[PDB]
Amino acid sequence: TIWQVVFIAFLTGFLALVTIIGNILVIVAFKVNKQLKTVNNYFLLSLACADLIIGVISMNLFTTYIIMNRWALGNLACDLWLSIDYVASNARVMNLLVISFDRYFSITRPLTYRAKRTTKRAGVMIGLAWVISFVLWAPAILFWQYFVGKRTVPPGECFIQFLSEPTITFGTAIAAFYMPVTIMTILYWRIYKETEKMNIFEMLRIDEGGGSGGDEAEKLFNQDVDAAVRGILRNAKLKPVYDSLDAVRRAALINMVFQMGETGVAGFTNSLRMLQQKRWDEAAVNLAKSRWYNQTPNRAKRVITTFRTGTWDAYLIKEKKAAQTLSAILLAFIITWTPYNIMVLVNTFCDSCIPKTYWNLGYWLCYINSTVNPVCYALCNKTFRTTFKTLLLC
């Protein structure tokens, strides 16, 4: 009826508009901001590309197929839609796998990947994913009707030919969706556990803004930090404070003796006392007024924060921020696409058990995943929230 056509036509355009607006802003945010240009940001820019294609082409075309209750766009337009639709969405699963192995390899491979991240190398990865995804689906969808000779697709209907068999589709959804989902789940929970770990060596690494130097180099770092402890114990002016501190706040003390020496730190007589009196906020205010805070306010602010809170917050906030962002991107991907794939599994053991409508809903729901990503960006990352605001108004 007229009600069903206008109702459908509204929310598809409403969702299509949100998608196009959001993904078009994030792409501008990367070009309009010199502070958003990171390796991680480059990847997310790739998703917006595939996501923007979905919001522009796939939503309007497929929305016409379901509205008119039949496909009338022509035969060659059908092979382009399905191919582009499947090549783009497949690149999305590729980008997510790369984003996962980026953080994972960034958190597990400080030797090579941590120090091998180049915005030029990134382009190679995105290049692989897009070219690979194109090859897997474009030729198969376009030319399959030629290898078999005839076309199984009735006129006025548009669907992938070689996917007509349900058993063949089940194996395809396994490799295309389930397996990538399984891997990304494995990498996440490992990255998640990594976000809670921190010691004095990584504390000094971060403060120094440096990196590893192999085995021989890492053994020397251990000697120097070990000797730093002895100096504190041999020093009669520091050992009292050190012995009355917790494992975290002790690392903060070693962080100072490492930067200024035993005698230099022993000069903080008042501050070294308030620490032994566990008057954290009072000692923090005192250390803030020293020259040491004016000569290295970044390193001091973190070490001082450690004394106040007694936690690794100043040395882990960056890692957690990314972890939360990745959790959102994954969760959106899992929530929206799972229905459709669960139908593929069900339909494999059922001659006909899914109505034509349930399939069309899962198909459009998968599209919605391309609508939520820009929202997740602005919700978690603060830089996107401000950059998006200055684009609409300013």
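Throughout, we count residues from 1 along the sequence that is shown.
Undergrad: Determine, for stretches 70-78 and 194-202, which one has the higher mean CA B-factor as deposited.
TA: Mean C-alpha B-factor is greater for 70-78.
Undergrad: Decide which of the stretches 164-172 and 112-120 has the higher mean C-alpha B-factor, going by the entry.
TA: It is 112-120 that shows the higher mean C-alpha B-factor.
Undergrad: Looking at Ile335, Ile329, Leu36, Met343, which has the biggest Cα B factor in the entry?
TA: Going by the entry's C-alpha B-factors, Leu36 comes out highest.
Undergrad: Is the Cα B-factor recorded for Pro155 in the lowest, middle or highest third of its chain?
TA: Answer is highest: the recorded C-alpha B-factor places it there.
Undergrad: By the recorded C-alpha temperature factor, relative to the other modelled residues in its chain, which third is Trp292 in?
TA: Its C-alpha B-factor belongs to the lowest third of this chain's values.
Undergrad: When the deposited Cα B-factors of this chain's modelled residues are ordered and cut into thirds, is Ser133 in the lowest, the middle or the highest one?
TA: CA B-factor rank for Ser133: middle third.
Undergrad: Lowest, middle or highest third: where is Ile141 by C-alpha B factor in its chain?
TA: Tercile = highest for this residue's CA B-factor.
Undergrad: Would you check the entry's CA temperature factor for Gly231 and let me know if it's in the chain's lowest, middle or highest third?
TA: Tercile = middle for this residue's CA B-factor.
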